[PDB]
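*Asks:* Here it is: the structure, laid out below.
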Amino acid sequence: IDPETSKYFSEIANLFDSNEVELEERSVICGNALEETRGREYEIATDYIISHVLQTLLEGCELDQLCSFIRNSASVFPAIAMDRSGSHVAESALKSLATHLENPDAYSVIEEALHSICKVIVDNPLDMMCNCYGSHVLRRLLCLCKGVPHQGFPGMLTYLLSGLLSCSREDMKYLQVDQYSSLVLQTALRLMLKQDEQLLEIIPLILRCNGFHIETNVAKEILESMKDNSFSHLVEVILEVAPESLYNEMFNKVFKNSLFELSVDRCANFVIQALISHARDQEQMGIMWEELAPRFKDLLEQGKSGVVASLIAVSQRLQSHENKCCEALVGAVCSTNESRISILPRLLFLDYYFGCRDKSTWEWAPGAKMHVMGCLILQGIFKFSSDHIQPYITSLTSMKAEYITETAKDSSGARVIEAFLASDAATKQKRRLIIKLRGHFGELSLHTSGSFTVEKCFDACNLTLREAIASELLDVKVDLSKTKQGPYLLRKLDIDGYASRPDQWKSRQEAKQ
RNA sequence: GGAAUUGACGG
């Protein structure tokens, strides 16, 4: 593009840099500048420098000009959207329209803008769907059509999304494994959540199976693509949004009898987590348990802890196999009867235990970060009722004081202790653990996660231990007040009241039985 | 997310 044009858009940018221009003037200048793009929208939106100015113009103009720009650039909009600079010009146009959604008077004008864009996309969509830049434009455009519940454009969402899915089954087979087309479909799927009528139209298109039934050869192909990084991400979202009838058919024809081999794949195991999390009924819980529970030790040992966390969670939600689940986990981590007192530390440091040299002497991992998914599993465990988790409660409450304080100071382990304080273990078991934290509520309050742990302990205590925690928080009132959660904790526990009028503080705390 | 799975994305 010529210097007259570059200088012009540079000069407009400098005029906005120098914030000597009000808001009503800004939007008129933005509008007047957009006109200077008529007939060279592709050239200007894709220039590595001027594109940034054009963004500023689009996010600052008035609706009637924004729509003029969209209307005039529509025949070149896919080319803009697939350009590494134009794609942000295209998204700036969409973000701009999005700012008028909550204005009810703009509907028909926006809708026409969206229509001109969707028509040129739907006429030739596959390259844009697989393009790294164009896929972002599509993902944003899909969200814009869905909008918010006040103003949305449902017919546009459907019109657009149908264009994207109306290719050959062989084309669709390669949409499934392309990262960027996969991301596009993932967005569309979530936007159609709870739209059972439309979900039942599109999921079979994406899976290439044309009641809803998967044929035996289609299942094989689906199954065989499951280890792919892009398809696996797509099927995760399919399982999240799939209506019941469709979930059941995918459970039986695709996943039944391949659960364990899928669970050990570095990509597919996440499909399996999604499948577990969205199981529907008793029979399904059974089938999953038979194929997977005998292999719990495999799953933790091969770095696939999330499968076990999912089995634990759906066990609660379906109220099935709770005891079998808990017991299966102990046996996986503690083989000899003697070592079942170590269930807690071995899960707190899941990766350090399964990876140490000599397992029969591993006790702890001093000063190390505790294991995120291990601790998530324990949080899971402590939502079961006390009937099912007696080894877990005994193990936690039997840890020596310095291990328990290490756990509370760990921002994953503290969530374990808190899940335990919220469980239905006996108050005396809870009290025994809290007492071993004595002498450390001071340092614990000072960190941000620990501040939560101090209050949740306090809430579970008798007066004797409320008064002890309170005196500990008092020795550190200065440092604690100068932290982020500190002032809340000092106020929520009424620490100033405790130092000034100890008798009155005690009497107001005891009045909470 | 107060820690946030073991496998993806931009001038």
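Here's how to read the names in the structure tokens: chain A, B, ... by the order shown, residue numbers from 1 in each chain, ligand numbers from 1 in the order shown.
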Could you list, as a list in words, the residues of chain A having an atom within 7 Å of chain B when counting only C-alpha atoms (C1' of nucleotides)?
*Replies:* residues 48, 84, 85, 132, 133, 179, 229, 266, 267, 303, 304, 306, 372, 373, 411, 412, 448 and 449 of chain A
*Asks:* Residues within 9 Å of residue 288 in chain A, please, as a PyMOL selection string. Count only C-alpha atoms (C1' of nucleotides); anything in the same chain fewer than 6 positions from it doesn't count.
*Replies:* chain A and resi 256+259+276+311
*Asks:* Ranking A:472, A:222, A:497, A:480 by minimum distance to residue 438 in chain A and counting only C-alpha atoms, which one comes first?
*Replies:*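 For residue 438 in chain A, the nearest of the candidates is A:472.
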*Asks:* Report, in Å with one decimal, the straight-line distance from CA of residue 188 in chain A to CA of residue 139 in chain A.
*Replies:*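 Computing it gives 7.6 Å between the two atoms.
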*Asks:* List as a list in words the protein and nucleic acid residues near residue 437 in chain A, meaning an atom at most 9 Å away when only C-alpha atoms (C1' of nucleotides) are counted, but skip any in the same chain fewer than 5 places from it.
*Replies:*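 My reading of the contact set: residues 401, 402, 404, 405 and 408 of chain A.
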*Asks:* I want to know what sits within 12 Å of residue 440 in chain A, based on only C-alpha atoms (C1' of nucleotides), with residues of the same chain fewer than 5 positions away left out; could you give that as a VMD selection string?
*Replies:* chain A and resid 401 to 402 404 to 409 434 to 435 445 to 447 450 to 451 453 to 454 468 to 473 475 to 476
